[PDB]
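*Asks:* Sharing query_25.tsv here; it has TSV, N, CA and C atoms.
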chain	number	residue	atom	x	y	z
D	161	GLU	N	0.83	-1.20	0.00
D	161	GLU	CA	0.00	0.00	0.00
D	161	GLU	C	0.86	1.25	0.00
D	162	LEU	N	1.87	1.28	0.86
D	162	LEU	CA	2.73	2.45	0.98
D	162	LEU	C	3.52	2.68	-0.30
D	163	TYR	N	4.03	1.60	-0.91
D	163	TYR	CA	4.76	1.76	-2.17
D	163	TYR	C	3.86	2.32	-3.26
D	164	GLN	N	2.63	1.81	-3.37
D	164	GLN	CA	1.73	2.28	-4.41
D	164	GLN	C	1.38	3.75	-4.21
D	165	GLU	N	1.06	4.13	-2.97
D	165	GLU	CA	0.79	5.54	-2.71
D	165	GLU	C	2.03	6.39	-2.96
D	166	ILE	N	3.22	5.85	-2.69
D	166	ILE	CA	4.46	6.56	-2.98
D	166	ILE	C	4.59	6.80	-4.47
D	167	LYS	N	4.29	5.79	-5.27
D	167	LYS	CA	4.36	5.94	-6.72
D	167	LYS	C	3.40	7.02	-7.20
D	168	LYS	N	2.13	6.92	-6.78
D	168	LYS	CA	1.16	7.94	-7.17
D	168	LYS	C	1.61	9.32	-6.71
D	169	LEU	N	2.15	9.42	-5.50
D	169	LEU	CA	2.62	10.69	-4.97
D	169	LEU	C	3.77	11.25	-5.79
D	170	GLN	N	4.70	10.39	-6.20
D	170	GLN	CA	5.81	10.81	-7.04
D	170	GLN	C	5.30	11.34	-8.37
D	171	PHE	N	4.35	10.63	-8.98
D	171	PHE	CA	3.80	11.09	-10.24
D	171	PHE	C	3.06	12.41	-10.06
D	172	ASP	N	2.35	12.56	-8.95
D	172	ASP	CA	1.69	13.83	-8.66
D	172	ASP	C	2.71	14.95	-8.54
D	173	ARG	N	3.82	14.68	-7.87
D	173	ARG	CA	4.89	15.67	-7.77
D	173	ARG	C	5.40	16.05	-9.15
D	174	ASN	N	5.64	15.06	-10.01
D	174	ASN	CA	6.17	15.33	-11.34
D	174	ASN	C	5.21	16.20	-12.14
D	175	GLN	N	3.95	15.77	-12.24
D	175	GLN	CA	2.97	16.57	-12.97
D	175	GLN	C	2.86	17.96	-12.38
D	176	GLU	N	2.68	18.06	-11.06
D	176	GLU	CA	2.48	19.36	-10.44
D	176	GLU	C	3.65	20.29	-10.72
D	177	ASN	N	4.87	19.75	-10.76
D	177	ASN	CA	6.00	20.60	-11.14
D	177	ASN	C	5.86	21.06	-12.58
D	178	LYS	N	5.39	20.18	-13.45
D	178	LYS	CA	5.09	20.59	-14.82
D	178	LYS	C	4.13	21.77	-14.84
D	179	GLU	N	3.00	21.65	-14.13
D	179	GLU	CA	2.03	22.75	-14.14
D	179	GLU	C	2.58	23.99	-13.45
D	180	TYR	N	3.42	23.83	-12.43
D	180	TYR	CA	4.01	25.00	-11.79
D	180	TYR	C	4.84	25.79	-12.80
D	181	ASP	N	5.71	25.09	-13.52
D	181	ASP	CA	6.51	25.77	-14.53
D	181	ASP	C	5.63	26.39	-15.60
D	182	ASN	N	4.61	25.65	-16.06
D	182	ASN	CA	3.73	26.17	-17.10
D	182	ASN	C	3.03	27.44	-16.65
D	183	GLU	N	2.39	27.39	-15.47
D	183	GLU	CA	1.67	28.55	-14.96
D	183	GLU	C	2.61	29.72	-14.73
D	184	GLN	N	3.80	29.46	-14.18
D	184	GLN	CA	4.76	30.53	-13.95
D	184	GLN	C	5.12	31.23	-15.25
D	185	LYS	N	5.52	30.45	-16.26
D	185	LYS	CA	5.89	31.04	-17.55
D	185	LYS	C	4.72	31.79	-18.17
D	186	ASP	N	3.54	31.16	-18.18
D	186	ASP	CA	2.39	31.76	-18.83
D	186	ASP	C	2.01	33.07	-18.16
D	187	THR	N	1.97	33.10	-16.83
D	187	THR	CA	1.54	34.31	-16.15
D	187	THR	C	2.59	35.41	-16.24
D	188	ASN	N	3.88	35.06	-16.27
D	188	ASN	CA	4.89	36.07	-16.59
D	188	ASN	C	4.67	36.64	-17.99
D	189	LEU	N	4.37	35.77	-18.96
D	189	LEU	CA	4.10	36.23	-20.32
D	189	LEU	C	2.89	37.16	-20.34
D	190	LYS	N	1.85	36.81	-19.59
D	190	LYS	CA	0.67	37.67	-19.51
D	190	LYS	C	0.98	39.01	-18.88
D	191	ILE	N	1.82	39.04	-17.84
D	191	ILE	CA	2.22	40.32	-17.25
D	191	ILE	C	2.96	41.16	-18.28
D	192	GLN	N	3.89	40.53	-19.01
D	192	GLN	CA	4.61	41.25	-20.05
D	192	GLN	C	3.66	41.80	-21.11
D	193	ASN	N	2.68	40.99	-21.52
D	193	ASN	CA	1.75	41.41	-22.55
D	193	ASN	C	0.85	42.53	-22.06
D	194	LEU	N	0.41	42.48	-20.80
D	194	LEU	CA	-0.36	43.58	-20.24
D	194	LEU	C	0.46	44.86	-20.19
D	195	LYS	N	1.74	44.75	-19.82
D	195	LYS	CA	2.60	45.92	-19.83
D	195	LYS	C	2.76	46.48	-21.24
D	196	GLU	N	2.92	45.61	-22.23
D	196	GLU	CA	3.05	46.07	-23.61
D	196	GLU	C	1.76	46.71	-24.12
D	197	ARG	N	0.61	46.15	-23.74
D	197	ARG	CA	-0.66	46.75	-24.12
D	197	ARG	C	-0.84	48.12	-23.48
D	198	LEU	N	-0.46	48.25	-22.21
D	198	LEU	CA	-0.44	49.56	-21.57
D	198	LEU	C	0.48	50.51	-22.33
D	199	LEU	N	1.64	50.01	-22.76
D	199	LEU	CA	2.56	50.81	-23.55
D	199	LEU	C	1.90	51.34	-24.82
D	200	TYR	N	1.26	50.45	-25.58
D	200	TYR	CA	0.65	50.88	-26.84
D	200	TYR	C	-0.52	51.83	-26.59
D	201	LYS	N	-1.32	51.57	-25.56
D	201	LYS	CA	-2.44	52.46	-25.30
D	201	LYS	C	-1.94	53.84	-24.89
D	202	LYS	N	-0.88	53.89	-24.08
D	202	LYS	CA	-0.25	55.16	-23.77
D	202	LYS	C	0.27	55.83	-25.03
D	203	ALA	N	0.85	55.05	-25.94
D	203	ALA	CA	1.37	55.62	-27.18
D	203	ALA	C	0.26	56.27	-27.99
D	204	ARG	N	-0.82	55.53	-28.24
D	204	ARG	CA	-1.93	56.10	-29.01
D	204	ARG	C	-2.55	57.29	-28.29
D	205	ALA	N	-2.78	57.16	-26.98
D	205	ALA	CA	-3.35	58.25	-26.20
D	205	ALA	C	-2.51	59.51	-26.34
D	206	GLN	N	-1.21	59.39	-26.07
D	206	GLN	CA	-0.33	60.54	-26.07
D	206	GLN	C	-0.17	61.13	-27.46
D	207	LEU	N	-0.05	60.29	-28.49
D	207	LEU	CA	0.10	60.81	-29.84
D	207	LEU	C	-1.16	61.54	-30.30
D	208	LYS	N	-2.33	60.95	-30.06
D	208	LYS	CA	-3.58	61.59	-30.45
D	208	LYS	C	-3.77	62.89	-29.68
D	209	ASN	N	-3.40	62.91	-28.40
D	209	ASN	CA	-3.51	64.14	-27.61
D	209	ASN	C	-2.49	65.18	-28.06
D	210	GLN	N	-1.30	64.74	-28.47
D	210	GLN	CA	-0.31	65.67	-29.02
D	210	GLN	C	-0.83	66.31	-30.29
D	211	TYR	N	-1.49	65.53	-31.14
D	211	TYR	CA	-2.05	66.10	-32.36
D	211	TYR	C	-3.26	66.97	-32.06
D	212	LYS	N	-3.97	66.69	-30.96
D	212	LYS	CA	-4.99	67.62	-30.48
D	212	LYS	C	-4.37	68.94	-30.03
D	213	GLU	N	-3.23	68.86	-29.35
D	213	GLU	CA	-2.48	70.05	-28.97
D	213	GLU	C	-2.06	70.84	-30.19
N	243	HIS	N	4.67	27.39	-4.25
N	243	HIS	CA	5.16	28.11	-5.41
N	243	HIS	C	4.00	28.54	-6.30
N	244	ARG	N	3.12	27.59	-6.63
N	244	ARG	CA	1.97	27.91	-7.47
N	244	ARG	C	1.18	29.07	-6.90
N	245	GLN	N	0.78	28.96	-5.63
N	245	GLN	CA	-0.12	29.95	-5.05
N	245	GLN	C	0.55	31.31	-4.96
N	246	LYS	N	1.76	31.37	-4.40
N	246	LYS	CA	2.46	32.64	-4.25
N	246	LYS	C	2.67	33.30	-5.60
N	247	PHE	N	3.21	32.56	-6.56
N	247	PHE	CA	3.57	33.16	-7.84
N	247	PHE	C	2.33	33.58	-8.60
N	248	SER	N	1.27	32.75	-8.54
N	248	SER	CA	0.04	33.06	-9.25
N	248	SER	C	-0.63	34.30	-8.68
N	249	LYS	N	-0.66	34.44	-7.35
N	249	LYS	CA	-1.25	35.65	-6.79
N	249	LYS	C	-0.40	36.88	-7.12
N	250	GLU	N	0.93	36.74	-7.05
N	250	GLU	CA	1.80	37.84	-7.46
N	250	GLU	C	1.45	38.31	-8.87
N	251	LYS	N	1.33	37.36	-9.80
N	251	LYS	CA	1.13	37.73	-11.19
N	251	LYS	C	-0.29	38.21	-11.45
N	252	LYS	N	-1.28	37.68	-10.73
N	252	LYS	CA	-2.64	38.19	-10.88
N	252	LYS	C	-2.73	39.64	-10.41
N	253	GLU	N	-2.10	39.95	-9.27
N	253	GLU	CA	-2.10	41.34	-8.81
N	253	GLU	C	-1.36	42.24	-9.79
N	254	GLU	N	-0.24	41.76	-10.34
N	254	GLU	CA	0.48	42.56	-11.33
N	254	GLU	C	-0.38	42.80	-12.57
N	255	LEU	N	-1.11	41.78	-13.01
N	255	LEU	CA	-1.97	41.93	-14.19
N	255	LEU	C	-3.12	42.89	-13.92
N	256	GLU	N	-3.70	42.84	-12.72
N	256	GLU	CA	-4.73	43.81	-12.37
N	256	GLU	C	-4.17	45.23	-12.38
N	257	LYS	N	-2.96	45.40	-11.82
N	257	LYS	CA	-2.26	46.67	-11.92
N	257	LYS	C	-2.16	47.14	-13.36
N	258	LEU	N	-1.73	46.24	-14.25
N	258	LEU	CA	-1.54	46.62	-15.65
N	258	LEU	C	-2.86	46.99	-16.31
N	259	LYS	N	-3.92	46.23	-16.03
N	259	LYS	CA	-5.22	46.53	-16.62
N	259	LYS	C	-5.73	47.89	-16.16
N	260	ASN	N	-5.60	48.17	-14.86
N	260	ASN	CA	-6.03	49.48	-14.36
N	260	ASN	C	-5.21	50.59	-15.00
N	261	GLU	N	-3.90	50.37	-15.16
N	261	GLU	CA	-3.06	51.36	-15.82
N	261	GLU	C	-3.53	51.61	-17.25
N	262	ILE	N	-3.87	50.54	-17.97
N	262	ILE	CA	-4.29	50.69	-19.36
N	262	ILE	C	-5.62	51.45	-19.44
N	263	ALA	N	-6.56	51.11	-18.57
N	263	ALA	CA	-7.84	51.82	-18.56
N	263	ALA	C	-7.63	53.30	-18.25
N	264	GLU	N	-6.80	53.60	-17.25
N	264	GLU	CA	-6.51	55.00	-16.93
N	264	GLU	C	-5.76	55.67	-18.07
N	265	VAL	N	-5.00	54.91	-18.86
N	265	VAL	CA	-4.28	55.48	-19.99
N	265	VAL	C	-5.25	55.89	-21.09
N	266	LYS	N	-6.25	55.05	-21.37
N	266	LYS	CA	-7.29	55.46	-22.31
N	266	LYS	C	-8.06	56.66	-21.79
N	267	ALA	N	-8.36	56.66	-20.49
N	267	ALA	CA	-9.02	57.81	-19.88
N	267	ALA	C	-8.18	59.07	-20.06
N	268	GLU	N	-6.86	58.95	-19.90
N	268	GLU	CA	-5.96	60.08	-20.12
N	268	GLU	C	-5.97	60.52	-21.58
N	269	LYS	N	-6.02	59.56	-22.50
N	269	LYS	CA	-6.14	59.90	-23.91
N	269	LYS	C	-7.33	60.82	-24.14
N	270	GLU	N	-8.50	60.39	-23.66
N	270	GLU	CA	-9.71	61.18	-23.91
N	270	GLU	C	-9.71	62.48	-23.12
N	271	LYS	N	-9.18	62.47	-21.90
N	271	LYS	CA	-9.12	63.69	-21.10
N	271	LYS	C	-8.20	64.72	-21.73
N	272	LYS	N	-7.04	64.29	-22.23
N	272	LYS	CA	-6.15	65.20	-22.94
N	272	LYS	C	-6.81	65.71	-24.20
N	273	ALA	N	-7.54	64.85	-24.91
N	273	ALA	CA	-8.30	65.32	-26.07
N	273	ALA	C	-9.22	66.46	-25.68
N	274	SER	N	-10.03	66.26	-24.64
N	274	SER	CA	-10.98	67.28	-24.23
N	274	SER	C	-10.27	68.55	-23.77
N	275	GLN	N	-9.21	68.41	-22.98
N	275	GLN	CA	-8.50	69.57	-22.46
N	275	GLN	C	-7.86	70.38	-23.58
N	276	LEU	N	-7.28	69.69	-24.57
N	276	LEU	CA	-6.60	70.38	-25.65
N	276	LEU	C	-7.61	71.04	-26.59
N	277	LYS	N	-8.75	70.39	-26.83
N	277	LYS	CA	-9.80	71.04	-27.60
N	277	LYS	C	-10.32	72.28	-26.87
N	278	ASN	N	-10.47	72.20	-25.55
N	278	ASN	CA	-10.88	73.36	-24.77
N	278	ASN	C	-9.84	74.47	-24.86
N	279	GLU	N	-8.56	74.11	-24.80
N	279	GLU	CA	-7.50	75.10	-24.97
N	279	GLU	C	-7.62	75.79	-26.32
N	280	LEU	N	-7.81	75.00	-27.37
N	280	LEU	CA	-7.97	75.57	-28.71
N	280	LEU	C	-9.16	76.52	-28.76
N	281	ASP	N	-10.29	76.10	-28.20
N	281	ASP	CA	-11.49	76.93	-28.24
N	281	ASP	C	-11.30	78.22	-27.47
N	282	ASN	N	-10.68	78.14	-26.29
N	282	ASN	CA	-10.43	79.35	-25.51
N	282	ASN	C	-9.50	80.29	-26.25
N	283	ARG	N	-8.42	79.76	-26.83
N	283	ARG	CA	-7.52	80.59	-27.62
N	283	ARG	C	-8.26	81.28	-28.75
N	284	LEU	N	-9.04	80.50	-29.50
N	284	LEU	CA	-9.76	81.04	-30.65
N	284	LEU	C	-10.75	82.11	-30.23
N	285	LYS	N	-11.49	81.87	-29.14
N	285	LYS	CA	-12.50	82.83	-28.70
N	285	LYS	C	-11.87	84.11	-28.18
N	286	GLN	N	-10.80	84.00	-27.38
N	286	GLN	CA	-10.12	85.19	-26.90
N	286	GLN	C	-9.54	85.99	-28.06
N	287	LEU	N	-8.93	85.31	-29.02
N	287	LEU	CA	-8.38	85.99	-30.19
N	287	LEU	C	-9.49	86.63	-31.02
N	288	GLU	N	-10.63	85.95	-31.13
N	288	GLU	CA	-11.77	86.50	-31.86
N	288	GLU	C	-12.28	87.77	-31.20
N	289	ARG	N	-12.40	87.76	-29.87
N	289	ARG	CA	-12.85	88.96	-29.18
N	289	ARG	C	-11.82	90.07	-29.31
N	290	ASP	N	-10.54	89.72	-29.29
N	290	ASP	CA	-9.49	90.71	-29.55
N	290	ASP	C	-9.69	91.36	-30.91
Kindly transcribe the structure held in the file into structure tokens.
*Replies:*
Amino acid sequence: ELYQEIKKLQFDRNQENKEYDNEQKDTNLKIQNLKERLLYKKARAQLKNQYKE
Amino acid sequence: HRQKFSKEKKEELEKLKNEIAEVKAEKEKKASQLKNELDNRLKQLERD
């Protein structure tokens, strides 16, 4: 019983590490993309307002 | 790791979304302010 639960536990550890890396990378990418979208919106806002000026 | 990092990044993303919304708001507010500046200049010069 203990060996079988150990095996399942090891596999759970392996998969969960997979998802940890995946979520970490993905959410960093999303933060970067949100920052870039803020950048572009600031760019359009400021340029259009400059041309209003 | 999952919980800490995910909450960190969710809060950062909310920060970014609020910044973007306020940036669009600034776009439109600058539009209005600059149009008002133009109108005030034109009207004062017209009265002159």
*Asks:* Tell me as a PyMOL selection string which residues belonging to chain D come within 6 Å of chain N, counting all atoms listed in the file.
*Replies:* chain D and resi 180+187+191+194-195+197-198+201-202+205-206+209+212-213
*Asks:* So the first atom is CA of residue 184 (chain D) and the second is CA of residue 168 (chain D); what is the distance between them in Å, to one decimal place?
*Replies:*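 Interatomic distance, CA of residue 184 (chain D) to CA of residue 168 (chain D): 23.9 Å.
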*Asks:* Rounded to one decimal in Å, what is the spacing between CA of residue 211 (chain D) and CA of residue 285 (chain N)?
*Replies:*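 Value for the CA of residue 211 (chain D)-CA of residue 285 (chain N) distance: 20.1 Å.
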*Asks:* Report the distance between CA of residue 174 (chain D) and atom N of residue 192 (chain D) in Å, rounded to one decimal place.
*Replies:*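 These two atoms are separated by 26.4 Å.
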